[PDB]
Amino acid sequence: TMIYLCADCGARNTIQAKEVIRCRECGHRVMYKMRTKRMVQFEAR
Amino acid sequence: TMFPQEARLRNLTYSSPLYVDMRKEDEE
């Protein structure tokens, strides 16, 4: 499974598939996703 | 309690509960 990030704290929640959506050392229950690596092809125009 | 707009996206409806004192008799 992967890592997720909370809306406020941002700490690594690294939480497991099929469980409960929340955090660890805090509160609130949302979370976005770390940006991939990832060297991405971008024209300057 | 709710904290919008951190709600919304949880498709949550933003209401509060009503509480009306009902009378049946036990004083309170």
# chains A, B, ... in the order shown; residues from 1 in each chain; ligands from 1

$ closest_atom_pairs --of "chain B" --to "chain A" --cutoff "12 Å" --atoms "only C-alpha atoms" --output "tab-separated table"
residue	atom	partner	partner_atom	distance
B:1	CA	A:28	CA	11.0
B:2	CA	A:28	CA	10.4
B:3	CA	A:28	CA	9.8
B:4	CA	A:28	CA	12.0
B:5	CA	A:7	CA	12.0
B:6	CA	A:7	CA	8.6
B:7	CA	A:30	CA	9.3
B:8	CA	A:30	CA	11.4
B:9	CA	A:30	CA	9.2
B:10	CA	A:30	CA	8.2
B:11	CA	A:30	CA	12.0

$ residues_around --residues "segment 13-15 of chain A" --least-positions-apart "2" --cutoff "10 Å" --atoms "only C-alpha atoms" --output "list in words"
residues 1, 2, 3, 4, 5, 6, 9, 10, 11, 17, 18, 19, 20, 21, 22, 23, 24, 25 and 31 of chain A
